[PDB]
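Below is one structure; the comments refer to it alone.
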Amino acid sequence: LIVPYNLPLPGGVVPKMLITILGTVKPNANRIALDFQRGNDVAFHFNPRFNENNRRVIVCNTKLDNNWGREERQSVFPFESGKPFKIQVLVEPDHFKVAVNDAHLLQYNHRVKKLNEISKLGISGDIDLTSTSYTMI
Ligand SMILES: OC[C@H]1O[C@@H](O[C@H]2[C@H](O)[C@@H](O)[C@@H](O)O[C@@H]2CO)[C@H](O)[C@@H](O)[C@H]1O
């Protein structure tokens, strides 16, 4: 699986949908990013950063055409350079729930409300990708 990886969501996203990504962070990793795209927009951007002025952070946000909105920043950061990881996204009616290695990490309230239009996930950054899977209910 070559990264940047596009994972089609031809059904769009639906409540109860579960996306599971398995991989390994490369050595000396700078960033990871998951990008749920709807048309000209990024409905949900999940962006671990290994070094922003000597703190790890995960930045979350939504892009509407060329403009990023209000940043949500979170410090819980389970990833490590060289190490295997599992990221699970569960879609709920009012938010995306994100768990990393079987422990809950954050939730991100939908800003793009037409879930069925979110037709792709992009997986990029400093990772080897092993598998993807989702469940479309
Ligand atoms: O909000 C997610 C996007 O952030 C962008 O960088 C922001 C940066 O985090 C903030 O501190 C300030 O400098 O504005 C930057 C430009 O919007 C990234 O460029 C983009 O890729 C997203 O991760």
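Order of appearance sets the numbers: ligands from 1, and atoms from 1 within every ligand. One is the number of the first residue; the rest follow in order along the sequence. Heavy-atom basis, side chains included; hydrogens, waters and symmetry copies ignored.
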Taking only heavy atoms of [X] into account, list the atoms of ligand 1 that are under 4.0 Å away from them.
X	value
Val59	1 (O), 2 (C)
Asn61	1 (O), 2 (C)
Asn47	23 (O)

Heavy atoms of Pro48 and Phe77 approach each other most closely as CB-CE1, 3.7 Å
Can you name the closest pair of heavy atoms from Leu1 and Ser131 and give their distance? CD1-CA, 4.1 Å
Does any N/O atom on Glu71 come nearer than 3.5 Å to any N/O atom on ligand 1? yes
So for ligand 1, is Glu52 a polar contact partner (N or O within less than 3.5 Å, distance only)? no
Got the closest protein heavy atom to [atom], with its distance?
atom	value
atom 17 (O) of ligand 1	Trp68 CD1, 4.3 Å
atom 23 (O) of ligand 1	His45 NE2, 2.6 Å
atom 11 (O) of ligand 1	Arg73 NH2, 3.4 Å
atom 3 (C) of ligand 1	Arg49 NH2, 3.7 Å

Cut-off 3.5 Å, no hydrogens considered: what does the side-chain donor-acceptor table look like for residues 113-126, sequence neighbours left out?
from: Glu117; atom 1: OE1; to: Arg38; atom 2: NH1; distance (Å): 3.2
from: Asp126; atom 1: OD2; to: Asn30; atom 2: N; distance (Å): 2.6
from: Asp126; atom 1: OD2; to: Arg31; atom 2: N; distance (Å): 3.0

Hey, quick one: are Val3 and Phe50 part of the same hydrophobic cluster, counting side-chain heavy atoms closer than 4.5 Å, chains of contacts allowed? yes
Answer yes if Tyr5 and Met17 sit in the same cluster of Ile, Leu, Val, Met, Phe, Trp and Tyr residues linked by side chain heavy atoms under 4.5 Å apart, and no otherwise. yes
Please work out whether any backbone atom (N, CA, C, O) or any side-chain heavy atom from C-beta onward of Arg70 is under 4.0 Å from ligand 1, and answer side chain, backbone, both or neither. neither
Exceeds 12 heavy-atom contacts within 6.0 angstrom, atom CZ of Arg73: yes
Exercise check, heavy-atom protein proximity under 4.0 Å to [atom]:
atom	answer
atom 5 (C) of ligand 1	yes
atom 15 (C) of ligand 1	no
atom 19 (O) of ligand 1	no

Between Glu52 and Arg49 (salt bridge meaning N to carboxylate O under 4.0 Å), is one present in this structure? yes
Evaluate the side-chain proximity of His110 to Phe96: yes if any heavy-atom separation is below 4.5 Å, no if none is. yes
Ignoring hydrogens and geometry beyond distance, is a side-chain donor-acceptor pair present between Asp35 and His45 at under 3.5 Å? yes
